[PDB]
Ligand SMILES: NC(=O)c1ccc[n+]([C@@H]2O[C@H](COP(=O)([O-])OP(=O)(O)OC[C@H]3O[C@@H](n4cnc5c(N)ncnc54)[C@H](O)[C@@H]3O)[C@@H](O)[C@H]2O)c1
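The chain below stands alone and is given as structure tokens, in the form solved without nicotinamide-adenine-dinucleotide.
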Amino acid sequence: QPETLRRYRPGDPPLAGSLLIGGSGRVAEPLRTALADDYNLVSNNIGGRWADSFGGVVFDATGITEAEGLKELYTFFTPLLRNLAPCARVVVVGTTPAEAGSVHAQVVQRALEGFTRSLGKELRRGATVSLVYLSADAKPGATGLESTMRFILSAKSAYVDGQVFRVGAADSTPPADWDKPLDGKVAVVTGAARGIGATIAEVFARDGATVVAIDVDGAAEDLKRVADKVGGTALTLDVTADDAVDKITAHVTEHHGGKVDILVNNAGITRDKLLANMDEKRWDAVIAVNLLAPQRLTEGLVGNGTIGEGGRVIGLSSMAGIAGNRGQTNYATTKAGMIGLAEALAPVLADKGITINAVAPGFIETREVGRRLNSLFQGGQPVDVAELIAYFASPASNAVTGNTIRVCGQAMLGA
């Protein structure tokens, strides 16, 4: 039966249970130091005794350099698995494979993904698995991966499962309050009148952001209701219009101190048709809204300084973007394009202190096959998507860029 997944409410501790950190790499110790105040840490012991079930288990694999060393995955995990709490979080931390140094080390660091993806398909009771790579050039403190670990090791990551997080080398500063990580940040969310966009606005406001909710004139009434509820502002506009950048800039200047800290390119349309039956308007409309507009809003707002130091851009990709979908050559192109925008702009935007990432939702309740064909045996909720976006949006997520991460419950579907 599907598990009722633990999700986040304000003030919640990160885990329902303890956090065991082990492995003999470069991350275990500094991670213990970073997380000690906020998590109830326990250690491995040969007696196999722990008062509580584990809410999280983290294995530091960054020290493994030879295939024989992979046996520690077995020796470490096999005795721990029976003590996992429902919705526990299992995480392996490795070194970015291309940065692992030796050929043999790169092989084993790459091999870790076969292990984690498999373990995701074995965990019980809503528990999830994650793989996090950390650059070999990260400082001993490993502060750059803290926001990633705190997202994974919480209820917020409920529907993120089987995935790979790639942290670079930069140092990070915690937010003033990890429970209100977006305090003071101004967040523009397109397509925010309803659906996932409205939930993104809600989660962002929960986390302390001031939300600029954007949608089309035609959705003005719904948009106003969202903006009012979340304590933000409503901005009606067509993201494809030449003056969209100007209008956003004017709006944040009038209401929000002249800055956009977080841009979520969530607006999107479909004009589904088999390519054999495609026409010009159905092709162009989809490319205009879903690819040209996010490219223009991102480049235009960076280009006039509205998005600057500390900026966070998150694009919505999709399963069609990764795996393709019948009748969606237009839509899938745009959603693969949103991955391309993150991959291409990441190095360019780095120089200005801006990150850009992509989120690909799976099956989200907004049919029975889409719903059950994932490790969690259920569809996701809009909040689950919003949480992953809020993770990338964190001021403490400056060392995370050019990533595409799915929020899919470890769906079977992929590439």
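Each residue number is its position in the shown sequence, starting from 1.
Heads up, the form deposited with nicotinamide-adenine-dinucleotide bound isn't pictured, but that's what we're talking about next.
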Of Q163, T95, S154, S318, the one that lies within 4.5 Å of nicotinamide-adenine-dinucleotide in the entry with it bound (heavy atoms): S318
Contacting member of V239, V167, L112, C87, with respect to nicotinamide-adenine-dinucleotide in the entry with it bound [4.5 Å, heavy atom]: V239
Answer range among 225 to 233, 263 to 271, 306 to 314, 140 to 148 for contact with nicotinamide-adenine-dinucleotide, defined in the entry with it bound as heavy atoms within 4.5 Å: 263 to 271
Contact label in the entry with it bound: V216 to nicotinamide-adenine-dinucleotide, heavy atom within 4.5 Å: yes
Any non-hydrogen atom of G126 within 4.5 angstroms of nicotinamide-adenine-dinucleotide in the entry with it bound: no
Any non-hydrogen atom of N44 within 4.5 angstroms of nicotinamide-adenine-dinucleotide in the entry with it bound: no
Close approach of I364 to nicotinamide-adenine-dinucleotide in the entry with it bound, 4.5 Å, heavy atom: yes
Residues in 166 to 196 close to nicotinamide-adenine-dinucleotide in the entry with it bound, defined by a heavy atom within 4.5 Å, in order: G191, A193, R194, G195, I196
